[PDB]
Ligand SMILES: CCOc1cc2ncc(C#N)c(Nc3ccc(F)c(Cl)c3)c2cc1NC(=O)/C=C/CN(C)C
Ligand SMILES: CCOc1cc2ncc(C#N)c(Nc3ccc(F)c(Cl)c3)c2cc1NC(=O)/C=C/CN(C)C
């Protein structure tokens, strides 16, 4: 019993974190096999970041300008290239701690764990979601760039996020491990604003199922609804529209609890229209949207990794 | 920017987790040097747990009855003893992944990270606090016993919690690594109820400082208070009394923000008396009490480990 915001164990990723310094800038890199991946803005001054021409800035850099350090030991850089917004630094030694891994570009609404690092050293681990506006709500200070987000399934680490930028409003933007930004964001210090922070409806429903499983059941009611009715309410409250695909994904939680998805939708509708009247659900006074259906099943079932 | 419920990186602890099976019961153990620590109730049936005589049950167990497996490899048990509510299984091989470590008995109000495990395999990591009533609000299923809680400072892992029991109300009880339960709880399946879940006042104040640092400042007001005045309010709302020791511990956050501790207390007083009027602080609609002053400084400053 109990339901917590839970991250994946981070050891497999800790063993891949290195420090990358180019001139005056230090950030973190990800060492997998004989390649270190890091944000291309390692090559910029803070002057450069207003309007950088990365191809021109890179011309002045050679292999020996990229100082890569794994713990106390220096790595020898034997090549470098730019791929979208990341650099790939080829080193002469394969990381002996390289786990089984994949690079995945996640969809908005999916969750992942972040290992926040500074100077190639781990500071902490927490759970995030790719928001519908393609930002994440992380915890990142100067020097955290190149920290990564990931999921684990049994023994395989799927890396999905590398941290690049903080917007003036305090939320975060980054790339996949191919160096393509999520959303419209760019690696320049400019006027870029986030769009509407829409709530991830299917995740809220999953968390209501988690609540029922764990004995929080005061919000269950005598009502049902339809997809189209419920979506009229979702729209008013800036929730994502619920689709039949979402209903299908909630099938397993519906079967476990015996609560039809549309009945749970009717509970959510009343919560949106009436609020929580000073009560809590799983220790929260708001409707939580950063647990996916798979996260709920996983945590409620004890799935393990390594 | 950003403030998240953040756990310590878990790799140092992942490398210590093993599976322990005694007869029909499997749970997790902690392998440090040549000793495996686990809950003594590994020796019980579910029959036995209503009224177990552990000394008598242990008489029927020999070294070869404790099956200890680290990943895919079996460990040879060369001795065993009971210390309070834990067993210490001496094995013939020191754990090559043993980190620098200490055993610490934490005080109520202090926080720690939990690595939830099943069958000796890590499932996830999350952050907890020792509540004033000596329970923790974790996420633990059958098979998670022997999972541990810990803090890290640079390279040293301070283990403070081993999981033993779930109370009928869904909260959790366990021991330190010497096998002494936190609070009055016992390792029998009996009528034991938790006392009042008091809110950790100094932690709420720390989190309000974290909020100010991160730009959430709507709750600041024109008022101040005194320790004795504020505590009249703390008492009504089942908050721990604030002491001068707590004020002193908040000194560094007071200095960073320029907000006197007692002025912040006056903000908290208004929040307790008026509620949050539908607003949020650091993404929460309630007053968060599981960040310590040290947690706030650490997360806001980027401290690292390994
Ligand atoms: C930790 C001990 O093992 C389990 C404990 C559980 N405790 C509670 C609930 C609940 N409720 C579980 N299952 C569950 C079901 C369906 C749901 F939708 C939800 Cl949320 C939860 C549990 C599942 C566990 N383990 C498995 O399911 C293992 C299966 C593996 N096979 C493919 C071979
Ligand atoms: C990640 C890059 O490094 C830092 C970034 C910071 N960003 C914001 C704030 C803020 N605000 C910080 N400090 C801080 C101060 C006092 C407070 F009370 C709070 Cl909460 C936060 C920061 C501290 C950092 N690093 C250090 O403090 C290192 C010192 C080590 N020496 C002993 C040698």
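The numbering of chain A matches Swiss-Prot: 3264-3569, in order.
A Cβ is built for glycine as well, from the same backbone N, Cα and C atoms used for every other residue.
According to Swiss-Prot, the listed position annotated as ubiquitin cross-link out of A:3353, A:3532 is A:3353. A Cα-Cα distance of 23 Å separates residue A:3408 (active site, nucleophile) from residue A:3268 (ubiquitin cross-link).
When each of the recorded positions A:3268, A:3304, A:3353 is scored by how many other Cβ atoms sit within 10 Å of its Cβ, A:3353 comes out lowest. Spacing of residue A:3268 (ubiquitin cross-link) relative to residue A:3353 (ubiquitin cross-link) is 36 Å (Cα to Cα, whole number). In this structure, the CA atom of residue A:3304 (active site, for 3CL-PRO activity) is 17 Å away from the CA atom of residue A:3353 (ubiquitin cross-link). With an 8 Å limit on C-beta distances, the recorded positions from A:3268, A:3304, A:3353, A:3408 that reach chain B are A:3268. Residue environment of residue A:3408 (active site, nucleophile) contains 26 other Cβ atoms, counted within 10 Å of its Cβ in all protein chains.
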